[PDB]
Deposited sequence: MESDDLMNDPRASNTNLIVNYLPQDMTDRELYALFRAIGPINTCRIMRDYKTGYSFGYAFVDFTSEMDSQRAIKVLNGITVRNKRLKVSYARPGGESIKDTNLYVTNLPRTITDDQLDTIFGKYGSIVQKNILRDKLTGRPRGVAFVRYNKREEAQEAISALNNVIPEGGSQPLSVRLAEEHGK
């Protein structure tokens, strides 16, 4: 998937100007701002389509979050449950736990699309909790049956 959506475009931005913005990353198939055809009014967003998923992937890392003309951009995917049936909440973990051990534990069940160890604000040491979202609710599911009670508890959001 190469199709991104860009949000919070300054009301006066040009499909051209937007292009220049994203062309810095890689080749684009289409780049288009949603605007009124009679009016020309911009509904504030666009669909940019890179030629490659690994560029589309970089445009996000790079452009999501930049501020041009007082508006804070947001670059994300158009076609990404998958973090709602494919989003696990883990607790009773080792307060000495790190992603390696975490990963060494979850990759066992599938692609680990994102791990998140909740740490202490003040202290920074983690806690026994964290989040791990898979890709297929299926791995997630094989994980939940497997991993509940090493101690440990897994489930969804």
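Participant: What portions of the deposited sequence, indexed from 1, have no corresponding C-alpha atom in the structure?
Facilitator: Gaps in the modelled chain, taken against the deposited sequence, lie at 1-13, 94-95, 166-172, 180-184.
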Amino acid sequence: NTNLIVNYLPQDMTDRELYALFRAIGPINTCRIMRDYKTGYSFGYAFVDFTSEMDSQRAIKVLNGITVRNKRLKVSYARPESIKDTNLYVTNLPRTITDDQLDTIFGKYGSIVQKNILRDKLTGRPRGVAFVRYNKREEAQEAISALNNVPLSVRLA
From here on, numbers count along this sequence of modelled residues.
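Participant: Comparing 15-23 with 141-149, where is the mean C-alpha B-factor higher?
Facilitator: Of 141-149 and 15-23, the stretch with the higher C-alpha B-factor average is 141-149.
Participant: Do the CA atoms of 51-59 or those of 110-118 have the higher mean B-factor in the entry?
Facilitator: Mean C-alpha B-factor is greater for 110-118.
Participant: Compare the CA B factors listed in the entry for 69, 95, 32, 38 and report the winner.
Facilitator: Top of the list by C-alpha B-factor: 95.
Participant: Thinking about Cα B factors across the chain, which third does residue 132 belong to?
Facilitator: Within its chain, residue 132 is a highest-third residue by C-alpha B-factor, going by the deposited values.
Participant: Quick check on the deposited entry: does the C-alpha B-factor of residue 101 sit in the lowest, middle or highest third of its chain?
Facilitator: According to the entry, residue 101 has a C-alpha B-factor in the chain's highest third.
Participant: Considering only modelled residues of the same chain, in which third does the CA B-factor of residue 75 rank: lowest, middle or highest?
Facilitator: Lowest third.
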